[PDB]
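The data below hold one chain only, encoded as structure tokens and taken in the form deposited in one PDB entry.
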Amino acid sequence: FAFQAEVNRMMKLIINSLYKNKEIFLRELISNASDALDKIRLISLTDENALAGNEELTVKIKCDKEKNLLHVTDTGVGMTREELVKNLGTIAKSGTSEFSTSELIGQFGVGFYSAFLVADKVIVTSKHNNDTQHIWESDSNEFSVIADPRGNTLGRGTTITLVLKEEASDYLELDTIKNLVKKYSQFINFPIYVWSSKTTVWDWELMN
């Protein structure tokens, strides 16, 4: 059906970004975090205390240069364990490959699959209201999900961790992330921060 139409759009956008410095993974990281924040703000209109777990609506990005990791943390609606298992309808549980999705592909396919332009794995730590906090890890093909051993550390929202390839080590430099976040967040209504350094003290720096 239209599942091939959205897949066609996804191939077009991901390969197009391969010419332009493979930056579409970061634009999608910011855009999807913004939509998740929009979702919980819409819910807070009906629910009185929908923000009781985390009363702030932010996007916070931190680089781990020595560990070669990229963290993007938003305080959006989050995802239940049942929502992590569904993901975007294309990732199966580990060991079950030999056994709608079109709407999930059209919205999240570009963001998920373009992350593997620079990352070997994609790890999702999410905390949704009325559910515990879980960790979800995928190799682009299969996934595995467990409950976070640390418990509820986000209050509410989602942290996307990208285990970057060494090929993409230059993305973790402060001046690189900051210029890229500033470019792709100038139209996001929510405040977006990057863990930056000032001389030496470290603190969140507003980028938009």
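If you superpose the two forms and keep the largest set of C-alpha atoms that fall within 1.5 Å, you have the rigid core. We number the residues from 1 along the sequence you see.
One more form of this protein exists, namely the form deposited in another entry; it is left out here, but the text below deals with it.
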Check your understanding: If you fit the rigid core between this form and the one not shown, which of 118, 122, 77, 110 ends up with a C-alpha shift of 2 Å or more?
Key -> 110
Review point. Did residue 80 and residue 7 drift closer or farther in the other form, going by a CA distance change of 3 angstroms or more?
Key: closer
Check your understanding: residue 108 and residue 136: do their C-alpha atoms lie closer or farther in the other form than in the form you see, with a change of 3 Å or more?
Key -> farther
